[PDB]
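Source file start_25.txt; content: compact mmCIF, N, CA and C atoms.
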# COMPACT_ATOMS: atom_id res chain seq x y z
N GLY A 1 -153.78 16.48 -135.44
CA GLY A 1 -154.93 16.16 -136.27
C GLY A 1 -155.71 17.39 -136.69
N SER A 2 -156.16 17.40 -137.94
CA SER A 2 -156.92 18.53 -138.47
C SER A 2 -158.04 18.05 -139.38
N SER A 3 -159.17 18.75 -139.34
CA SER A 3 -160.32 18.39 -140.16
C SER A 3 -160.56 19.44 -141.24
N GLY A 4 -161.55 19.19 -142.09
CA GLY A 4 -161.87 20.12 -143.16
C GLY A 4 -163.27 19.92 -143.70
N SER A 5 -164.11 20.95 -143.55
CA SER A 5 -165.49 20.88 -144.02
C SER A 5 -165.64 21.60 -145.36
N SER A 6 -166.09 20.87 -146.37
CA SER A 6 -166.28 21.44 -147.70
C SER A 6 -167.65 21.08 -148.26
N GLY A 7 -168.13 21.89 -149.21
CA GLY A 7 -169.43 21.64 -149.81
C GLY A 7 -169.66 20.17 -150.09
N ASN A 8 -169.27 19.73 -151.28
CA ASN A 8 -169.44 18.34 -151.68
C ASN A 8 -168.23 17.50 -151.26
N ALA A 9 -168.50 16.30 -150.75
CA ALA A 9 -167.44 15.40 -150.31
C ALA A 9 -167.05 14.43 -151.42
N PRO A 10 -165.76 14.07 -151.47
CA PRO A 10 -165.23 13.15 -152.48
C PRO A 10 -165.72 11.72 -152.27
N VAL A 11 -165.62 10.91 -153.32
CA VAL A 11 -166.05 9.52 -153.25
C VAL A 11 -165.09 8.68 -152.41
N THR A 12 -165.64 7.75 -151.64
CA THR A 12 -164.82 6.88 -150.79
C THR A 12 -164.47 5.59 -151.51
N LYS A 13 -165.48 4.92 -152.05
CA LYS A 13 -165.27 3.66 -152.77
C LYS A 13 -166.39 3.42 -153.78
N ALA A 14 -166.03 2.87 -154.93
CA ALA A 14 -167.01 2.58 -155.98
C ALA A 14 -166.59 1.37 -156.80
N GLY A 15 -167.50 0.40 -156.91
CA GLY A 15 -167.21 -0.80 -157.67
C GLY A 15 -168.44 -1.66 -157.90
N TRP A 16 -168.33 -2.62 -158.81
CA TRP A 16 -169.44 -3.50 -159.13
C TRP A 16 -169.66 -4.52 -158.01
N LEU A 17 -170.88 -4.56 -157.49
CA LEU A 17 -171.22 -5.49 -156.42
C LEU A 17 -172.58 -6.13 -156.66
N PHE A 18 -172.71 -7.41 -156.30
CA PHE A 18 -173.96 -8.14 -156.48
C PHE A 18 -174.79 -8.10 -155.21
N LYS A 19 -176.06 -7.71 -155.35
CA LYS A 19 -176.96 -7.63 -154.21
C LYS A 19 -178.06 -8.69 -154.31
N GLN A 20 -178.10 -9.59 -153.33
CA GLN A 20 -179.10 -10.65 -153.31
C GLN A 20 -180.45 -10.14 -153.79
N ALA A 21 -181.19 -10.99 -154.48
CA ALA A 21 -182.51 -10.62 -154.99
C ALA A 21 -183.48 -10.35 -153.85
N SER A 22 -183.66 -9.07 -153.52
CA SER A 22 -184.56 -8.68 -152.45
C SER A 22 -185.92 -9.36 -152.60
N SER A 23 -186.43 -9.38 -153.82
CA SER A 23 -187.73 -9.99 -154.10
C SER A 23 -187.65 -10.87 -155.34
N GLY A 24 -186.60 -11.68 -155.43
CA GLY A 24 -186.43 -12.56 -156.57
C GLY A 24 -186.34 -14.02 -156.16
N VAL A 25 -185.59 -14.80 -156.93
CA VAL A 25 -185.43 -16.22 -156.65
C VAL A 25 -184.02 -16.53 -156.16
N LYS A 26 -183.73 -16.15 -154.92
CA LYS A 26 -182.42 -16.39 -154.33
C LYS A 26 -181.32 -16.20 -155.36
N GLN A 27 -181.51 -15.24 -156.27
CA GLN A 27 -180.53 -14.96 -157.31
C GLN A 27 -179.67 -13.76 -156.93
N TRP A 28 -178.64 -13.51 -157.74
CA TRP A 28 -177.74 -12.39 -157.49
C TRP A 28 -177.61 -11.51 -158.73
N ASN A 29 -177.91 -10.23 -158.58
CA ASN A 29 -177.83 -9.28 -159.69
C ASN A 29 -176.72 -8.26 -159.44
N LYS A 30 -176.02 -7.89 -160.51
CA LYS A 30 -174.94 -6.92 -160.42
C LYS A 30 -175.49 -5.50 -160.39
N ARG A 31 -174.79 -4.62 -159.67
CA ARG A 31 -175.21 -3.23 -159.56
C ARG A 31 -174.03 -2.34 -159.17
N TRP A 32 -174.03 -1.11 -159.67
CA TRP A 32 -172.96 -0.16 -159.37
C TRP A 32 -173.16 0.46 -158.00
N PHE A 33 -172.17 0.29 -157.13
CA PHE A 33 -172.24 0.83 -155.77
C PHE A 33 -171.17 1.90 -155.57
N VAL A 34 -171.54 2.98 -154.89
CA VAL A 34 -170.62 4.07 -154.62
C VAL A 34 -170.67 4.49 -153.15
N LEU A 35 -169.76 3.93 -152.35
CA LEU A 35 -169.70 4.25 -150.93
C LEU A 35 -169.51 5.75 -150.71
N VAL A 36 -170.33 6.33 -149.85
CA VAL A 36 -170.25 7.75 -149.55
C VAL A 36 -170.08 7.99 -148.05
N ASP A 37 -170.10 9.26 -147.65
CA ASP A 37 -169.95 9.62 -146.25
C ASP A 37 -171.07 9.01 -145.41
N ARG A 38 -170.70 8.13 -144.49
CA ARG A 38 -171.68 7.48 -143.63
C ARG A 38 -172.92 7.08 -144.41
N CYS A 39 -172.72 6.59 -145.63
CA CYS A 39 -173.82 6.18 -146.49
C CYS A 39 -173.31 5.39 -147.69
N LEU A 40 -174.21 4.68 -148.36
CA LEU A 40 -173.85 3.88 -149.53
C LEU A 40 -174.93 3.98 -150.60
N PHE A 41 -174.57 4.52 -151.76
CA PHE A 41 -175.50 4.66 -152.86
C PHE A 41 -175.20 3.65 -153.96
N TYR A 42 -176.13 3.52 -154.91
CA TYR A 42 -175.97 2.58 -156.02
C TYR A 42 -176.79 3.02 -157.22
N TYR A 43 -176.30 2.69 -158.41
CA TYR A 43 -176.99 3.04 -159.65
C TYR A 43 -177.08 1.85 -160.59
N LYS A 44 -177.91 1.97 -161.62
CA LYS A 44 -178.09 0.90 -162.59
C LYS A 44 -176.75 0.48 -163.19
N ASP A 45 -175.88 1.46 -163.44
CA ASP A 45 -174.57 1.19 -164.01
C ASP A 45 -173.55 2.22 -163.51
N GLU A 46 -172.31 2.07 -163.97
CA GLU A 46 -171.24 2.98 -163.57
C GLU A 46 -171.47 4.37 -164.15
N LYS A 47 -172.38 4.47 -165.11
CA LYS A 47 -172.70 5.74 -165.75
C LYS A 47 -173.11 6.78 -164.71
N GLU A 48 -173.65 6.31 -163.59
CA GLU A 48 -174.09 7.20 -162.52
C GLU A 48 -175.15 8.17 -163.02
N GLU A 49 -176.10 7.65 -163.78
CA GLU A 49 -177.18 8.48 -164.33
C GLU A 49 -178.04 9.05 -163.21
N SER A 50 -178.80 8.18 -162.55
CA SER A 50 -179.67 8.60 -161.46
C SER A 50 -179.68 7.56 -160.34
N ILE A 51 -179.60 8.03 -159.10
CA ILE A 51 -179.61 7.14 -157.94
C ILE A 51 -180.91 6.36 -157.85
N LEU A 52 -180.81 5.04 -157.88
CA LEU A 52 -181.98 4.18 -157.80
C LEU A 52 -182.39 3.95 -156.35
N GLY A 53 -181.43 3.55 -155.52
CA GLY A 53 -181.71 3.31 -154.11
C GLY A 53 -180.53 3.63 -153.22
N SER A 54 -180.81 3.94 -151.96
CA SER A 54 -179.77 4.27 -151.00
C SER A 54 -179.79 3.32 -149.81
N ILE A 55 -178.64 3.17 -149.16
CA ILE A 55 -178.53 2.29 -148.01
C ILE A 55 -177.81 2.98 -146.85
N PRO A 56 -178.52 3.15 -145.73
CA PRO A 56 -177.97 3.79 -144.53
C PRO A 56 -176.91 2.94 -143.85
N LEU A 57 -175.78 3.56 -143.53
CA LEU A 57 -174.68 2.85 -142.87
C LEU A 57 -174.41 3.44 -141.49
N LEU A 58 -175.45 3.51 -140.66
CA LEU A 58 -175.32 4.05 -139.31
C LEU A 58 -175.46 2.95 -138.27
N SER A 59 -174.39 2.70 -137.53
CA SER A 59 -174.39 1.67 -136.50
C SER A 59 -174.66 0.30 -137.10
N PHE A 60 -174.33 0.15 -138.38
CA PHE A 60 -174.53 -1.11 -139.08
C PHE A 60 -173.42 -2.10 -138.76
N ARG A 61 -173.65 -3.37 -139.06
CA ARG A 61 -172.67 -4.42 -138.80
C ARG A 61 -172.22 -5.08 -140.10
N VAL A 62 -171.13 -4.57 -140.67
CA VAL A 62 -170.59 -5.11 -141.92
C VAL A 62 -169.44 -6.08 -141.65
N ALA A 63 -169.54 -7.28 -142.21
CA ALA A 63 -168.50 -8.29 -142.04
C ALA A 63 -168.78 -9.51 -142.91
N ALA A 64 -167.76 -10.35 -143.08
CA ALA A 64 -167.89 -11.55 -143.89
C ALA A 64 -169.16 -12.32 -143.54
N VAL A 65 -169.85 -12.82 -144.55
CA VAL A 65 -171.08 -13.57 -144.35
C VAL A 65 -170.83 -14.79 -143.47
N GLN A 66 -171.91 -15.47 -143.09
CA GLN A 66 -171.81 -16.66 -142.25
C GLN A 66 -172.30 -17.89 -142.99
N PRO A 67 -171.87 -19.08 -142.52
CA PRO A 67 -172.26 -20.35 -143.13
C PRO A 67 -173.73 -20.69 -142.90
N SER A 68 -174.37 -19.92 -142.03
CA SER A 68 -175.78 -20.14 -141.72
C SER A 68 -176.66 -19.18 -142.51
N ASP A 69 -176.04 -18.40 -143.38
CA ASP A 69 -176.77 -17.44 -144.21
C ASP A 69 -177.01 -18.00 -145.61
N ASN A 70 -176.82 -19.30 -145.76
CA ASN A 70 -177.01 -19.96 -147.05
C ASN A 70 -176.33 -19.18 -148.16
N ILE A 71 -175.10 -18.73 -147.90
CA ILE A 71 -174.34 -17.97 -148.89
C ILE A 71 -173.29 -18.84 -149.56
N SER A 72 -173.58 -19.26 -150.79
CA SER A 72 -172.66 -20.11 -151.55
C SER A 72 -171.86 -19.28 -152.54
N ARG A 73 -171.13 -18.30 -152.03
CA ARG A 73 -170.31 -17.43 -152.88
C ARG A 73 -169.07 -16.95 -152.13
N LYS A 74 -167.92 -17.08 -152.78
CA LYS A 74 -166.65 -16.66 -152.18
C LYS A 74 -166.52 -15.14 -152.19
N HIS A 75 -165.84 -14.60 -151.19
CA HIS A 75 -165.64 -13.16 -151.09
C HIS A 75 -166.98 -12.43 -150.97
N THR A 76 -167.78 -12.83 -149.98
CA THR A 76 -169.08 -12.22 -149.76
C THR A 76 -169.21 -11.70 -148.33
N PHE A 77 -169.95 -10.61 -148.17
CA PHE A 77 -170.15 -10.01 -146.86
C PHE A 77 -171.61 -9.59 -146.67
N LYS A 78 -172.01 -9.43 -145.41
CA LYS A 78 -173.38 -9.03 -145.09
C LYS A 78 -173.39 -7.79 -144.20
N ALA A 79 -174.39 -6.95 -144.38
CA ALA A 79 -174.52 -5.73 -143.60
C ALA A 79 -175.94 -5.57 -143.05
N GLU A 80 -176.08 -5.71 -141.74
CA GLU A 80 -177.39 -5.58 -141.10
C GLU A 80 -177.28 -4.76 -139.82
N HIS A 81 -178.37 -4.08 -139.47
CA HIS A 81 -178.41 -3.25 -138.27
C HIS A 81 -178.87 -4.07 -137.06
N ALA A 82 -179.00 -5.37 -137.25
CA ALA A 82 -179.44 -6.26 -136.18
C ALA A 82 -180.92 -6.06 -135.87
N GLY A 83 -181.72 -5.89 -136.91
CA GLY A 83 -183.15 -5.68 -136.72
C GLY A 83 -183.79 -4.99 -137.91
N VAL A 84 -183.17 -3.91 -138.37
CA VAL A 84 -183.69 -3.16 -139.51
C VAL A 84 -183.79 -4.03 -140.75
N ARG A 85 -182.64 -4.31 -141.36
CA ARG A 85 -182.59 -5.13 -142.56
C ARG A 85 -181.23 -5.80 -142.71
N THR A 86 -181.20 -6.91 -143.44
CA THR A 86 -179.96 -7.65 -143.66
C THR A 86 -179.56 -7.63 -145.13
N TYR A 87 -178.59 -6.77 -145.46
CA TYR A 87 -178.12 -6.65 -146.83
C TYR A 87 -176.98 -7.63 -147.10
N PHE A 88 -176.80 -7.98 -148.37
CA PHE A 88 -175.75 -8.91 -148.76
C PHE A 88 -175.04 -8.43 -150.03
N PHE A 89 -173.72 -8.60 -150.06
CA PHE A 89 -172.93 -8.18 -151.21
C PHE A 89 -171.83 -9.19 -151.51
N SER A 90 -171.65 -9.51 -152.79
CA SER A 90 -170.63 -10.46 -153.21
C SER A 90 -169.60 -9.80 -154.12
N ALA A 91 -168.35 -9.77 -153.66
CA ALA A 91 -167.28 -9.17 -154.44
C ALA A 91 -166.70 -10.16 -155.44
N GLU A 92 -166.54 -9.72 -156.68
CA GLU A 92 -165.99 -10.57 -157.73
C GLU A 92 -164.58 -11.04 -157.38
N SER A 93 -163.89 -10.25 -156.57
CA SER A 93 -162.53 -10.58 -156.16
C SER A 93 -162.40 -10.55 -154.64
N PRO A 94 -161.45 -11.33 -154.11
CA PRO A 94 -161.20 -11.41 -152.66
C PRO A 94 -160.59 -10.13 -152.11
N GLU A 95 -159.69 -9.52 -152.89
CA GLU A 95 -159.04 -8.29 -152.47
C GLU A 95 -160.06 -7.17 -152.28
N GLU A 96 -161.18 -7.26 -152.99
CA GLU A 96 -162.23 -6.26 -152.90
C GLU A 96 -163.08 -6.48 -151.66
N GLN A 97 -163.66 -7.67 -151.54
CA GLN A 97 -164.50 -8.01 -150.40
C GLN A 97 -163.98 -7.36 -149.13
N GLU A 98 -162.76 -7.72 -148.74
CA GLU A 98 -162.15 -7.17 -147.53
C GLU A 98 -162.19 -5.64 -147.55
N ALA A 99 -161.62 -5.06 -148.60
CA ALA A 99 -161.59 -3.61 -148.74
C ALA A 99 -162.93 -2.99 -148.37
N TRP A 100 -164.01 -3.56 -148.90
CA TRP A 100 -165.35 -3.07 -148.63
C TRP A 100 -165.69 -3.22 -147.15
N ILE A 101 -165.69 -4.46 -146.67
CA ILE A 101 -166.00 -4.74 -145.27
C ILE A 101 -165.40 -3.68 -144.35
N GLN A 102 -164.22 -3.19 -144.72
CA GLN A 102 -163.54 -2.17 -143.93
C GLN A 102 -164.01 -0.77 -144.32
N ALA A 103 -164.14 -0.54 -145.62
CA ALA A 103 -164.58 0.75 -146.13
C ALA A 103 -165.97 1.10 -145.61
N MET A 104 -166.96 0.30 -145.99
CA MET A 104 -168.34 0.52 -145.56
C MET A 104 -168.51 0.16 -144.09
N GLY A 105 -167.58 -0.62 -143.56
CA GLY A 105 -167.65 -1.02 -142.17
C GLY A 105 -167.26 0.09 -141.22
N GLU A 106 -166.15 0.75 -141.51
CA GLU A 106 -165.67 1.85 -140.68
C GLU A 106 -166.73 2.93 -140.54
N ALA A 107 -167.27 3.36 -141.68
CA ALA A 107 -168.30 4.40 -141.68
C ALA A 107 -169.47 4.02 -140.77
N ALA A 108 -169.65 2.73 -140.56
CA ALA A 108 -170.73 2.24 -139.71
C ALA A 108 -170.28 2.15 -138.26
N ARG A 109 -169.01 1.84 -138.05
CA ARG A 109 -168.46 1.72 -136.70
C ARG A 109 -168.06 3.09 -136.16
N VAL A 110 -168.03 3.22 -134.84
CA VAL A 110 -167.66 4.47 -134.20
C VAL A 110 -166.65 4.24 -133.08
N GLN A 111 -165.43 4.71 -133.28
CA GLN A 111 -164.37 4.55 -132.29
C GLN A 111 -164.63 5.45 -131.08
N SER A 112 -163.94 5.16 -129.98
CA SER A 112 -164.09 5.93 -128.76
C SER A 112 -165.56 6.25 -128.50
N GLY A 113 -166.42 5.24 -128.62
CA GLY A 113 -167.84 5.43 -128.40
C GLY A 113 -168.40 4.48 -127.36
N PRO A 114 -169.52 4.87 -126.74
CA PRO A 114 -170.18 4.05 -125.72
C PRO A 114 -170.82 2.79 -126.30
N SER A 115 -171.45 2.00 -125.44
CA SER A 115 -172.09 0.77 -125.87
C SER A 115 -171.21 0.00 -126.84
N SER A 116 -169.91 -0.07 -126.53
CA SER A 116 -168.96 -0.77 -127.37
C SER A 116 -167.76 -1.24 -126.56
N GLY A 117 -167.38 -2.50 -126.76
CA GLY A 117 -166.25 -3.06 -126.03
C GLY A 117 -165.19 -3.62 -126.96
Let's see the structure in the file written out as structure tokens.
Amino acid sequence: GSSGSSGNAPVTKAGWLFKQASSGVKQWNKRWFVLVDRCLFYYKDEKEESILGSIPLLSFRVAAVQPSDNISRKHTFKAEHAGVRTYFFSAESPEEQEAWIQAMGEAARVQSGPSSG
């Protein structure tokens, strides 16, 4: 195994994802998301003009949503730190949802680490 530290890091994953209305009417709005190193950014569009908001992916819990989360959408997942905040994302396709849960999930999970079974 070998590592490599370089100035700017390449993109991990980028695609259109819907984020529950943080302060709306239980609605879903589309937004450009670009998974990064142990982090997840998003912009108004794929144009990547200016970063609107960022989401920390440290020790987070990313996985398929639950039936108790009042989520009436196929291929949807939730990401919460178990106290901080509970984010939600709906993938237009099933093949994507999974990909994400693992993409943004791994960056949040830590192998060979304590407090983990």
For this session: Go through A:32, A:89, A:77, A:60 one by one, measure the shortest atom-to-atom distance of each to residue A:45 using only N, CA and C atoms, and give the residue with the smallest value.
Result: A:32
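Nearest to residue A:13 of all the residues A:110, A:65, A:55, A:103 is A:103, based on only N, CA and C atoms.
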For this session: Any chance you could list, as a ChimeraX atom specification, the residues in chain A that come up strand (DSSP E) when DSSP is run on the backbone?
Result: /A:13-20,28-36,39-43,53-56,61-64,76-80,86-90
For this session: Give the alpha helix (DSSP H) residues of chain A, as assigned by DSSP on the backbone, as number ranges by chain.
Result: A: 94-106
Selection export as a PDB file, in the frame of the given file, atoms kept: N, CA and C atoms:
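What follows is the written file selection-v6.pdb:
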ATOM      1  N   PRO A  94    -161.450 -11.330-154.110  1.00  0.00           N
ATOM      2  CA  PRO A  94    -161.200 -11.410-152.660  1.00  0.00           C
ATOM      3  C   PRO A  94    -160.590 -10.130-152.110  1.00  0.00           C
ATOM      4  N   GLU A  95    -159.690  -9.520-152.890  1.00  0.00           N
ATOM      5  CA  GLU A  95    -159.040  -8.290-152.470  1.00  0.00           C
ATOM      6  C   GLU A  95    -160.060  -7.170-152.280  1.00  0.00           C
ATOM      7  N   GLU A  96    -161.180  -7.260-152.990  1.00  0.00           N
ATOM      8  CA  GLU A  96    -162.230  -6.260-152.900  1.00  0.00           C
ATOM      9  C   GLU A  96    -163.080  -6.480-151.660  1.00  0.00           C
ATOM     10  N   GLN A  97    -163.660  -7.670-151.540  1.00  0.00           N
ATOM     11  CA  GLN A  97    -164.500  -8.010-150.400  1.00  0.00           C
ATOM     12  C   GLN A  97    -163.980  -7.360-149.130  1.00  0.00           C
ATOM     13  N   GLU A  98    -162.760  -7.720-148.740  1.00  0.00           N
ATOM     14  CA  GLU A  98    -162.150  -7.170-147.530  1.00  0.00           C
ATOM     15  C   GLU A  98    -162.190  -5.640-147.550  1.00  0.00           C
ATOM     16  N   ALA A  99    -161.620  -5.060-148.600  1.00  0.00           N
ATOM     17  CA  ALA A  99    -161.590  -3.610-148.740  1.00  0.00           C
ATOM     18  C   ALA A  99    -162.930  -2.990-148.370  1.00  0.00           C
ATOM     19  N   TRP A 100    -164.010  -3.560-148.900  1.00  0.00           N
ATOM     20  CA  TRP A 100    -165.350  -3.070-148.630  1.00  0.00           C
ATOM     21  C   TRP A 100    -165.690  -3.220-147.150  1.00  0.00           C
ATOM     22  N   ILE A 101    -165.690  -4.460-146.670  1.00  0.00           N
ATOM     23  CA  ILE A 101    -166.000  -4.740-145.270  1.00  0.00           C
ATOM     24  C   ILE A 101    -165.400  -3.680-144.350  1.00  0.00           C
ATOM     25  N   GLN A 102    -164.220  -3.190-144.720  1.00  0.00           N
ATOM     26  CA  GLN A 102    -163.540  -2.170-143.930  1.00  0.00           C
ATOM     27  C   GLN A 102    -164.010  -0.770-144.320  1.00  0.00           C
ATOM     28  N   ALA A 103    -164.140  -0.540-145.620  1.00  0.00           N
ATOM     29  CA  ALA A 103    -164.580   0.750-146.130  1.00  0.00           C
ATOM     30  C   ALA A 103    -165.970   1.100-145.610  1.00  0.00           C
ATOM     31  N   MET A 104    -166.960   0.300-145.990  1.00  0.00           N
ATOM     32  CA  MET A 104    -168.340   0.520-145.560  1.00  0.00           C
ATOM     33  C   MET A 104    -168.510   0.160-144.090  1.00  0.00           C
ATOM     34  N   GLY A 105    -167.580  -0.620-143.560  1.00  0.00           N
ATOM     35  CA  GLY A 105    -167.650  -1.020-142.170  1.00  0.00           C
ATOM     36  C   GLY A 105    -167.260   0.090-141.220  1.00  0.00           C
ATOM     37  N   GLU A 106    -166.150   0.750-141.510  1.00  0.00           N
ATOM     38  CA  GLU A 106    -165.670   1.850-140.680  1.00  0.00           C
ATOM     39  C   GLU A 106    -166.730   2.930-140.540  1.00  0.00           C
TER      40      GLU A 106
END
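Using only C-alpha atoms, the smallest distance between any of A:31, A:61, A:85, A:74 and residue A:14 comes from A:31.
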Seminar exercise, completed: One residue among A:116, A:67, A:62, A:57 is nearest to residue A:80 when using only N, CA and C atoms, and that residue is A:62
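Interatomic distance, atom CA of residue A:114 to atom N of residue A:5: 25.3 Å.
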Problem set entry | Contacts of residue A:30 within 8 Å, only N, CA and C atoms, excl. fewer than 2 positions in-chain, as a PyMOL selection string | chain A and resi 16-20+27-28+32-33+43-45
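Between atom CA of residue A:104 and atom CA of residue A:78 the separation is 10.8 Å.
Atom pair atom C of residue A:49 / atom CA of residue A:37: separated by 18.8 Å.
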Let me have the centre and edge lengths of the axis-aligned box enclosing all listed atoms of stretch 26-37 of chain A with 3 Å padding on every side, in Å to one decimal, as lines of an AutoDock Vina configuration file.
center_x = -176.6
center_y = -3.4
center_z = -153.0
size_x = 20.2
size_y = 32.0
size_z = 21.1
Problem set entry | Residue contacts of residue A:96 (9 Å, only C-alpha atoms) excluding same-chain residues fewer than 4 positions away, as a VMD selection string | chain A and resid 15 75 91 to 92 100 to 101
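Of the listed residues A:70, A:6, A:90, A:63, the one whose atoms come nearest to residue A:105 is A:63, with distances taken using all atoms listed in the file.
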Kindly write stretch 34-45 of chain A with N, CA, C and O atoms to a file, as a PDB file, in the first residue's frame.
ATOM      1  N   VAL A  34     -21.324  17.907  -4.581  1.00  0.00           N
ATOM      2  CA  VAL A  34     -20.007  17.429  -4.985  1.00  0.00           C
ATOM      3  C   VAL A  34     -19.239  16.866  -3.794  1.00  0.00           C
ATOM      4  O   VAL A  34     -18.586  17.606  -3.057  1.00  0.00           O
ATOM      5  N   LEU A  35     -19.320  15.552  -3.611  1.00  0.00           N
ATOM      6  CA  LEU A  35     -18.631  14.889  -2.510  1.00  0.00           C
ATOM      7  C   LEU A  35     -17.130  15.149  -2.570  1.00  0.00           C
ATOM      8  O   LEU A  35     -16.501  14.980  -3.615  1.00  0.00           O
ATOM      9  N   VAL A  36     -16.559  15.561  -1.443  1.00  0.00           N
ATOM     10  CA  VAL A  36     -15.131  15.842  -1.366  1.00  0.00           C
ATOM     11  C   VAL A  36     -14.469  15.027  -0.260  1.00  0.00           C
ATOM     12  O   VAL A  36     -15.109  14.188   0.375  1.00  0.00           O
ATOM     13  N   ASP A  37     -13.184  15.281  -0.034  1.00  0.00           N
ATOM     14  CA  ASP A  37     -12.436  14.573   0.998  1.00  0.00           C
ATOM     15  C   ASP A  37     -13.049  14.811   2.374  1.00  0.00           C
ATOM     16  O   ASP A  37     -13.078  15.939   2.865  1.00  0.00           O
ATOM     17  N   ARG A  38     -13.537  13.739   2.992  1.00  0.00           N
ATOM     18  CA  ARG A  38     -14.152  13.832   4.310  1.00  0.00           C
ATOM     19  C   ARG A  38     -15.038  15.070   4.411  1.00  0.00           C
ATOM     20  O   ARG A  38     -15.061  15.747   5.440  1.00  0.00           O
ATOM     21  N   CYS A  39     -15.766  15.360   3.338  1.00  0.00           N
ATOM     22  CA  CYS A  39     -16.653  16.517   3.306  1.00  0.00           C
ATOM     23  C   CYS A  39     -17.580  16.457   2.096  1.00  0.00           C
ATOM     24  O   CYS A  39     -17.338  15.705   1.152  1.00  0.00           O
ATOM     25  N   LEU A  40     -18.643  17.253   2.133  1.00  0.00           N
ATOM     26  CA  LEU A  40     -19.609  17.291   1.040  1.00  0.00           C
ATOM     27  C   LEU A  40     -20.075  18.718   0.774  1.00  0.00           C
ATOM     28  O   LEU A  40     -20.682  19.356   1.635  1.00  0.00           O
ATOM     29  N   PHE A  41     -19.790  19.214  -0.426  1.00  0.00           N
ATOM     30  CA  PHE A  41     -20.181  20.566  -0.807  1.00  0.00           C
ATOM     31  C   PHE A  41     -21.346  20.538  -1.791  1.00  0.00           C
ATOM     32  O   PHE A  41     -21.696  19.486  -2.327  1.00  0.00           O
ATOM     33  N   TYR A  42     -21.945  21.701  -2.024  1.00  0.00           N
ATOM     34  CA  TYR A  42     -23.073  21.810  -2.940  1.00  0.00           C
ATOM     35  C   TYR A  42     -23.191  23.228  -3.492  1.00  0.00           C
ATOM     36  O   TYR A  42     -22.827  24.198  -2.826  1.00  0.00           O
ATOM     37  N   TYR A  43     -23.702  23.340  -4.713  1.00  0.00           N
ATOM     38  CA  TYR A  43     -23.867  24.637  -5.357  1.00  0.00           C
ATOM     39  C   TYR A  43     -25.256  24.766  -5.975  1.00  0.00           C
ATOM     40  O   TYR A  43     -25.981  23.781  -6.113  1.00  0.00           O
ATOM     41  N   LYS A  44     -25.619  25.989  -6.348  1.00  0.00           N
ATOM     42  CA  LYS A  44     -26.919  26.250  -6.953  1.00  0.00           C
ATOM     43  C   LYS A  44     -27.141  25.357  -8.170  1.00  0.00           C
ATOM     44  O   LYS A  44     -28.246  24.863  -8.396  1.00  0.00           O
ATOM     45  N   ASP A  45     -26.086  25.154  -8.950  1.00  0.00           N
ATOM     46  CA  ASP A  45     -26.165  24.320 -10.142  1.00  0.00           C
ATOM     47  C   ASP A  45     -24.832  23.627 -10.411  1.00  0.00           C
ATOM     48  O   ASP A  45     -23.869  23.805  -9.666  1.00  0.00           O
TER      49      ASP A  45
END
